[PDB]
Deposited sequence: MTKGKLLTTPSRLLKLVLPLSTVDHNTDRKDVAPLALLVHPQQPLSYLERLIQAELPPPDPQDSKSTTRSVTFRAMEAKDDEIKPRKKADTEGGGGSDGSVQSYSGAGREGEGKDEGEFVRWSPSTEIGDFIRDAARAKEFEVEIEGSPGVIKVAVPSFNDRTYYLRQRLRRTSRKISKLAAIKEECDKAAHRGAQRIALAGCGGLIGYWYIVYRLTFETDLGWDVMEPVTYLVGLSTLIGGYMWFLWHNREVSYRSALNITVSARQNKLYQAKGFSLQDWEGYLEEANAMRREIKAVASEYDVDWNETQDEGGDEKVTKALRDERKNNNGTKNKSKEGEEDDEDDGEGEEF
């Protein structure tokens, strides 16, 4: 095919061969802008055909029109007082998603490592908590057995044991108070920001929303893989 349409990072690029010519356009504009440019090129009439080649309205939106050009996979131009009836290619779905899909992929790559780092750190802290917790539980159960034996295996009795209990509880309060003070007195080595991870995820969400929107616009059931 002699002419073509290349996509660009925001807005389509149309290469037409009548030393060819190139145009930029924004999607939400109409075809009349394009007619005006093509007319100011040549030294008047012009028409656009899609589907089976019926003429569409010049006051129509482009982004609502390339989709039909794609379901037929072509685009047709007609000029009054001249030869030629020009076929032109069209971007597919993948073509529209390119330069966008790739950026999502890069962001996912950058997310994976940081997720592994979070995994490591969380597991470390969890093992610490679990072990010290089980130690404290063993301590309490030891106290339980001690009190039971001292109660029901001696002549000492509760009349000697009760103050021991009061004093031990107060000692526990003191120790807890000191631990709290000391604590008032994390991701360092594989260091990162939770907000960096959050912002990358925030970007990825909206990128997926845009992609699924375009997918629904063509109805071609997009797969993330």
{"item": "Unmodelled ranges, which are counted on the deposited sequence from position 1 and given in order", "value": "1-7, 26-32, 58-109, 252-269, 310-352"}
